[PDB]
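Comments concern the structure below.
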Amino acid sequence: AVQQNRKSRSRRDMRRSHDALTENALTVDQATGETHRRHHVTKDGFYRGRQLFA
Amino acid sequence: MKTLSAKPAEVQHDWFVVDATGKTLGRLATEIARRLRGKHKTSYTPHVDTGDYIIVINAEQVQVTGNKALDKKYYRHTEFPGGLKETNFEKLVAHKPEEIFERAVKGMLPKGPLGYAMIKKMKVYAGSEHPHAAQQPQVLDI
Amino acid sequence: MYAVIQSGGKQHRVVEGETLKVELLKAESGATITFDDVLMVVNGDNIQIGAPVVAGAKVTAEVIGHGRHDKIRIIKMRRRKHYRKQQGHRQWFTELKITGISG
Amino acid sequence: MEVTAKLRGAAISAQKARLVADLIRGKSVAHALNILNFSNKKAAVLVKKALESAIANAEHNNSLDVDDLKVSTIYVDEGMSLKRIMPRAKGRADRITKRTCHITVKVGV
Amino acid sequence: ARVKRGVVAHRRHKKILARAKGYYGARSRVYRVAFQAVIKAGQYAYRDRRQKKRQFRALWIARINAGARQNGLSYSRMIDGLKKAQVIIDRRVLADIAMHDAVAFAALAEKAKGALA
RNA sequence: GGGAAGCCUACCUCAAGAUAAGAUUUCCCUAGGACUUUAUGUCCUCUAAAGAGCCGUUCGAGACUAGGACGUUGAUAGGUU
RNA sequence: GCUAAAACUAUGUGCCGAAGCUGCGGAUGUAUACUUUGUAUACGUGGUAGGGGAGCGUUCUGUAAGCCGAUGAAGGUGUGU
RNA sequence: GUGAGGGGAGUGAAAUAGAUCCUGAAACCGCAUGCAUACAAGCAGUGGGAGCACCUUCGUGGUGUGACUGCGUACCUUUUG
Ligand SMILES: [Mg+2]
């Protein structure tokens, strides 16, 4: 099965109208003052006032 | 451009009230459609709504001649297989009188966006009372 | 005040000072033309309808110039029959300015 | 005034990079950098490179303050394609297009 | 004397595409589609230059009918009365008067009734 | 007037995108300047409510969604007894 | 939608209705007269296969050791006529 | 990232002549601005026609868009069609 007519650019864009990306949930960490992904350990190993790597 | 078109911002829609007691359905509907479309004004323009507002009272008193009260059929189709539904004038006038006038005038108005806008100016009521006293309609005998 | 005149096989309702384009006339630019066959003269409440023509009425106009309207294309095409032809057209006109109306 | 940086010949489809471009279009540079730093898209790395280059240009060649900058203009253009041959079943062959893109980022105050 | 076709062919195609401005989709971009759209537009224009006179005369007649019925006549009776009264004002001017000057149209209707009497 | 497993009701489910967009109960938001395009007008400053969502623990709900419960004033899941 | 019709039969006044006819402006073919003409009159101008007539543009040769061109050619892209 | 690529500086008459570099058309693909568009059925135009934005010789004007509306089933070939 295959199309009988080529799809127009308008219809192609209409199909793509649902393809937009979204933003992640980012928050400032109180212990360090750095931006981090909410509920995740920071890239330096801090979470909820605890430190993972000495 | 010596022949001018009516401008929608300058159109004036006047309000009228019509009693349907004892009137023949089609011979009343033709006049209602004419005044809804605006054929009675010298500023008539085919692409502009220049008509008036028509309130219809005593809608269930409208009449048909012959044996049409029992024989005139109203059909509709739900788009399911075998979904053809059927009623007649006697039951429809007793149950939903507004649908009779809606069908009659819709059939005589143009079939497009302008016609849909035109038919919104008709208000049909079963009893002898209407809620549009604020618009001060004049009595129209047609 | 306005009057009804006939020019070029057509009719026009005109007022004083109005500028209008009619069919091509042989009068020279800057000349004055008088219509003596006015069909109707209205002066607010004084309304004269000529039986064919209002007797004694006159309309006076001045010839501004001559010109041609915008180009129109004529296209003819019979599908599947190997036939096609085209041509252009610009219609001539004479421009008048009404200077007087007398009922 | 806008300060421009172009990254030409990035090895990714313009259609894929345009999603990240639309994600960061019009925002302030700090917010855009946060979005790019925490995105998991491949195009985010390239867009971040272009944006940081534009910020450095605005800082060094135009002496503009960092705090007032925003992503005023951004768009992605199609680049040169690479053509390859993929062998299919029963001796048939298909042509593969390996697309690239050009990223343009302008920052302004 | 070898002749290259590029310049003249490009000019012709560009002229067709320029006349196709404003059309939807391929009808304003693709020569094979745009050329058909231009010819059909010309055919429609040729036909509608005749249709316009009919439509405008119908509009004039409708407006004259509305005015006559406000003055107590029908359109056909008013036209007959004007013909019997020898008035030769045409429908375009009659409709203009009906739309913009009610008193003059009332006078014309009175003349038509007088001739019909 | 009577008159059928037939028609309209009656029974179950859905149903106001019914654009004619319906009804009821309760809840929230009441600040100052400039100007001309004197207007649900355009720029400033100050405010950000009732709620909704993102995120997380998840489900007898689930393709993704949607829907239900909960997030320390806590038994939502795992563990422990 | 229509029932002393918006049906049927008969009669009469009007009107609508085509690129048909008339009006106004313009082009073109043939003939007749002007005893050069490019002026008047009359009659024509839907068209497949076909036949006849008249032209527009493109490349090259002479005219050209001429004429235009860095005070900007060809080409590309708009606008006006 | 001592990558690719770019922004400055410098050369040059010219760097949008910067290295697969004279000119740089079209299909095709982006970004920006103006208008329209989420109650309405079809070769997508055509004849009308309101409103809006910019320009203005202020209009019986120019440019862009085009609510609403009459009409309207592509082209070529082959065919009685
Ligand atoms: Mg093999």
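So you can find residues: chains in the structure tokens are A, B, ... in the order shown, residues in each start at 1, and ligands are numbered from 1 in order.
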| message | Considering only helix (DSSP H, G or I) as DSSP defines it on the backbone, what residues of region 48-81 of chain D qualify? List them as a VMD selection string. | response | chain D and resid 48 to 60
Show me, as a PDB file with N, CA, C and O atoms, in the first residue's frame, the residues of chain C whose atoms get within 6 Å of chain E, using only C-alpha atoms for the distance check.
ATOM      1  N   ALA C  51     -40.920  63.582 -19.828  1.00  0.00           N
ATOM      2  CA  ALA C  51     -41.752  62.551 -20.446  1.00  0.00           C
ATOM      3  C   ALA C  51     -40.888  61.628 -21.297  1.00  0.00           C
ATOM      4  O   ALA C  51     -40.699  60.463 -20.906  1.00  0.00           O
ATOM      5  N   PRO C  52     -40.315  62.057 -22.443  1.00  0.00           N
ATOM      6  CA  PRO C  52     -38.978  61.548 -22.775  1.00  0.00           C
ATOM      7  C   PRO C  52     -37.869  62.358 -22.122  1.00  0.00           C
ATOM      8  O   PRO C  52     -36.877  61.796 -21.653  1.00  0.00           O
ATOM      9  N   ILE C  75      -8.713  35.054 -23.767  1.00  0.00           N
ATOM     10  CA  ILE C  75      -8.127  33.729 -23.923  1.00  0.00           C
ATOM     11  C   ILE C  75      -9.219  32.757 -24.343  1.00  0.00           C
ATOM     12  O   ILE C  75     -10.289  32.713 -23.727  1.00  0.00           O
TER      13      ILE C  75
END
| query | When the cut-off is 12 Å and we count only C-alpha atoms (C1' of nucleotides), which residues of chain B are near chain G, given as a list in words? | reply |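 Contact residues on the first chain: residues 24, 25, 26, 27, 28, 29, 30, 64, 65, 66, 67, 68, 72, 100, 101, 103, 104, 105, 106, 107 and 108 of chain B.
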| said: Can you work out which residues are within 12 Å of ligand 1, considering only C-alpha atoms (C1' of nucleotides) and all ligand atoms, and then hand them over as a PyMOL selection string? | reply: chain D and resi 87-93
| request: Write out as an MDAnalysis selection string each polymer residue whose atoms come within 12 Å of residue 46 (chain D), counting only C-alpha atoms (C1' of nucleotides); drop sequence neighbours fewer than 3 positions from it. | output: (chainID D and resid 5:14 16:18 20:21 36:37 39 41:43 49:53 76 100:105) or (chainID H and resid 4:5)
| message | Which residues are near residue 38 (chain C)? Cut-off 9 Å, only C-alpha atoms (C1' of nucleotides), ignore same chain within fewer than 3 positions. Put them as a PyMOL selection string. | response | chain C and resi 3-6+35+41+50+52-59+103
I need the residues in region 20-102 of chain C that are strand (DSSP E or B) according to DSSP; give them as a compact mmCIF listing (two decimals) with N, CA and C atoms, in the first residue's frame.
# COMPACT_ATOMS: atom_id res chain seq x y z
N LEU C 20 -16.41 62.18 -14.42
CA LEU C 20 -16.83 60.85 -14.85
C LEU C 20 -16.26 60.53 -16.22
N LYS C 21 -16.08 59.24 -16.47
CA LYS C 21 -15.53 58.74 -17.73
C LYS C 21 -16.66 58.14 -18.56
N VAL C 22 -16.76 58.56 -19.82
CA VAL C 22 -17.78 58.05 -20.72
C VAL C 22 -17.09 57.45 -21.94
N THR C 32 -16.28 72.53 -24.33
CA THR C 32 -17.48 72.46 -23.51
C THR C 32 -18.59 71.73 -24.26
N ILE C 33 -19.23 70.80 -23.57
CA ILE C 33 -20.30 69.98 -24.11
C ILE C 33 -21.58 70.28 -23.35
N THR C 34 -22.68 70.38 -24.09
CA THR C 34 -23.99 70.66 -23.52
C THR C 34 -24.94 69.51 -23.83
N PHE C 35 -25.54 68.95 -22.79
CA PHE C 35 -26.60 67.97 -22.92
C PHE C 35 -27.94 68.69 -22.80
N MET C 40 -34.10 63.73 -16.18
CA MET C 40 -34.66 63.98 -14.86
C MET C 40 -33.79 64.99 -14.13
N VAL C 41 -34.42 65.94 -13.45
CA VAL C 41 -33.74 66.92 -12.62
C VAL C 41 -34.40 66.94 -11.25
N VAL C 42 -33.59 66.86 -10.20
CA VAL C 42 -34.07 66.85 -8.82
C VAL C 42 -33.33 67.93 -8.05
N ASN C 43 -34.09 68.77 -7.34
CA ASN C 43 -33.53 69.88 -6.56
C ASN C 43 -34.04 69.80 -5.13
N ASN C 46 -38.09 70.00 -5.65
CA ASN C 46 -38.53 70.24 -7.02
C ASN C 46 -38.06 69.07 -7.88
N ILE C 47 -38.98 68.19 -8.24
CA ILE C 47 -38.66 66.97 -8.97
C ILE C 47 -39.31 67.06 -10.34
N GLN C 48 -38.50 67.05 -11.38
CA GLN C 48 -38.98 67.07 -12.76
C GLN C 48 -38.59 65.77 -13.44
N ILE C 49 -39.59 65.02 -13.90
CA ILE C 49 -39.38 63.81 -14.67
C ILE C 49 -39.78 64.09 -16.11
N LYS C 58 -30.73 71.83 -19.00
CA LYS C 58 -29.42 71.81 -19.63
C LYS C 58 -28.39 71.30 -18.63
N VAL C 59 -27.45 70.50 -19.14
CA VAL C 59 -26.28 70.10 -18.37
C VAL C 59 -25.04 70.50 -19.14
N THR C 60 -24.10 71.14 -18.46
CA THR C 60 -22.88 71.65 -19.08
C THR C 60 -21.68 70.95 -18.46
N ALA C 61 -20.78 70.46 -19.32
CA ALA C 61 -19.59 69.75 -18.87
C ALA C 61 -18.39 70.19 -19.69
N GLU C 62 -17.20 69.95 -19.14
CA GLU C 62 -15.94 70.28 -19.80
C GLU C 62 -15.16 69.00 -20.07
N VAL C 63 -14.53 68.94 -21.24
CA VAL C 63 -13.75 67.77 -21.65
C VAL C 63 -12.35 67.89 -21.05
N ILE C 64 -12.01 66.98 -20.14
CA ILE C 64 -10.70 67.00 -19.51
C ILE C 64 -9.65 66.38 -20.43
N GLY C 65 -9.98 65.24 -21.02
CA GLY C 65 -9.03 64.57 -21.90
C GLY C 65 -9.56 63.23 -22.35
N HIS C 66 -8.67 62.47 -22.98
CA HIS C 66 -8.98 61.15 -23.50
C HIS C 66 -7.96 60.15 -22.97
N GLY C 67 -8.36 58.89 -22.84
CA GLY C 67 -7.46 57.90 -22.31
C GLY C 67 -7.91 56.50 -22.64
N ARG C 68 -7.16 55.53 -22.13
CA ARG C 68 -7.46 54.11 -22.33
C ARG C 68 -7.49 53.40 -20.99
N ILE C 72 -6.96 44.25 -20.83
CA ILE C 72 -7.70 43.02 -20.59
C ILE C 72 -7.18 41.96 -21.55
N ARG C 73 -7.00 40.75 -21.05
CA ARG C 73 -6.57 39.63 -21.88
C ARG C 73 -7.77 38.76 -22.24
N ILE C 74 -7.84 38.36 -23.51
CA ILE C 74 -8.87 37.46 -24.01
C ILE C 74 -8.20 36.14 -24.34
N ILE C 75 -8.71 35.05 -23.77
CA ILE C 75 -8.13 33.73 -23.92
C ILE C 75 -9.22 32.76 -24.34
N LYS C 76 -8.95 31.99 -25.39
CA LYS C 76 -9.86 30.97 -25.89
C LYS C 76 -9.10 29.66 -26.03
N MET C 77 -9.71 28.57 -25.57
CA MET C 77 -9.02 27.28 -25.56
C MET C 77 -10.06 26.17 -25.57
N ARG C 78 -10.01 25.32 -26.59
CA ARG C 78 -10.87 24.15 -26.68
C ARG C 78 -10.05 22.92 -26.30
N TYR C 83 -6.64 23.70 -30.21
CA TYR C 83 -7.04 25.04 -30.60
C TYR C 83 -6.80 26.01 -29.45
N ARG C 84 -6.23 27.17 -29.76
CA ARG C 84 -5.95 28.19 -28.77
C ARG C 84 -5.67 29.51 -29.48
N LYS C 85 -6.16 30.61 -28.92
CA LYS C 85 -5.84 31.93 -29.43
C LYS C 85 -6.04 32.97 -28.34
N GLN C 86 -5.29 34.06 -28.44
CA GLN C 86 -5.28 35.10 -27.42
C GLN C 86 -5.24 36.47 -28.08
N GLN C 87 -5.71 37.48 -27.35
CA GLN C 87 -5.66 38.85 -27.81
C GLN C 87 -5.80 39.79 -26.61
N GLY C 88 -5.35 41.02 -26.79
CA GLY C 88 -5.42 42.04 -25.75
C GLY C 88 -6.40 43.13 -26.13
N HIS C 89 -6.83 43.91 -25.14
CA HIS C 89 -7.81 44.96 -25.38
C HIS C 89 -7.65 46.08 -24.36
N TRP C 92 -11.09 52.76 -25.14
CA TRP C 92 -10.93 54.21 -25.07
C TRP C 92 -12.05 54.84 -24.24
N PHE C 93 -11.74 55.97 -23.62
CA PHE C 93 -12.71 56.73 -22.85
C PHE C 93 -12.41 58.21 -22.96
N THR C 94 -13.45 59.02 -22.77
CA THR C 94 -13.35 60.47 -22.67
C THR C 94 -13.75 60.89 -21.27
N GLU C 95 -12.96 61.76 -20.66
CA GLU C 95 -13.21 62.19 -19.29
C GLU C 95 -13.90 63.54 -19.29
N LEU C 96 -15.00 63.65 -18.56
CA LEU C 96 -15.77 64.88 -18.47
C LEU C 96 -15.87 65.33 -17.02
N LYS C 97 -16.01 66.64 -16.85
CA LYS C 97 -16.25 67.25 -15.55
C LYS C 97 -17.49 68.12 -15.63
N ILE C 98 -18.49 67.81 -14.81
CA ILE C 98 -19.73 68.57 -14.83
C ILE C 98 -19.50 69.94 -14.21
N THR C 99 -19.86 70.99 -14.93
CA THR C 99 -19.72 72.36 -14.46
C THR C 99 -21.05 73.06 -14.25
N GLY C 100 -22.13 72.61 -14.88
CA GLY C 100 -23.40 73.25 -14.64
C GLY C 100 -24.63 72.38 -14.81
N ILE C 101 -25.63 72.57 -13.96
CA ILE C 101 -26.94 71.93 -14.10
C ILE C 101 -28.00 73.01 -13.97
N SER C 102 -28.89 73.10 -14.95
CA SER C 102 -29.98 74.06 -14.92
C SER C 102 -31.28 73.38 -15.29
Quick one: contact table of chain F to chain A, 10 Å max, nearest atom pair and distance in Å to one decimal per residue, counting only C-alpha atoms (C1' of nucleotides), chain and number order, as CSV?
residue,atom,partner,partner_atom,distance
F:54,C1',A:25,CA,6.2
F:55,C1',A:25,CA,6.3
F:56,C1',A:39,CA,7.0
I need the residues from that last selection saved to file as a PDB file, in the first residue's frame (with N, CA, C and O atoms (P, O5', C5', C4', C3', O3' and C1' of nucleotides)), if you can.
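Contents of out34.pdb, as written:
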ATOM      1  P     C F  54       1.319  17.389  34.691  1.00  0.00           P
ATOM      2  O5'   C F  54       2.789  17.992  34.793  1.00  0.00           O
ATOM      3  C5'   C F  54       3.426  18.554  33.657  1.00  0.00           C
ATOM      4  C4'   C F  54       4.740  19.206  34.014  1.00  0.00           C
ATOM      5  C3'   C F  54       5.742  18.334  34.745  1.00  0.00           C
ATOM      6  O3'   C F  54       6.427  17.439  33.887  1.00  0.00           O
ATOM      7  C1'   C F  54       5.646  20.457  35.775  1.00  0.00           C
ATOM      8  P     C F  55       6.510  15.878  34.247  1.00  0.00           P
ATOM      9  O5'   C F  55       7.326  15.835  35.613  1.00  0.00           O
ATOM     10  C5'   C F  55       8.637  16.370  35.701  1.00  0.00           C
ATOM     11  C4'   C F  55       9.129  16.398  37.126  1.00  0.00           C
ATOM     12  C3'   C F  55       8.994  15.103  37.907  1.00  0.00           C
ATOM     13  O3'   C F  55      10.002  14.156  37.599  1.00  0.00           O
ATOM     14  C1'   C F  55       8.252  16.899  39.242  1.00  0.00           C
ATOM     15  P     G F  56       9.658  12.588  37.589  1.00  0.00           P
ATOM     16  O5'   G F  56       9.444  12.223  39.123  1.00  0.00           O
ATOM     17  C5'   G F  56      10.515  12.312  40.050  1.00  0.00           C
ATOM     18  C4'   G F  56      10.039  12.107  41.466  1.00  0.00           C
ATOM     19  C3'   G F  56       9.374  10.776  41.763  1.00  0.00           C
ATOM     20  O3'   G F  56      10.314   9.747  42.005  1.00  0.00           O
ATOM     21  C1'   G F  56       8.105  12.539  42.705  1.00  0.00           C
TER      22        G F  56
END
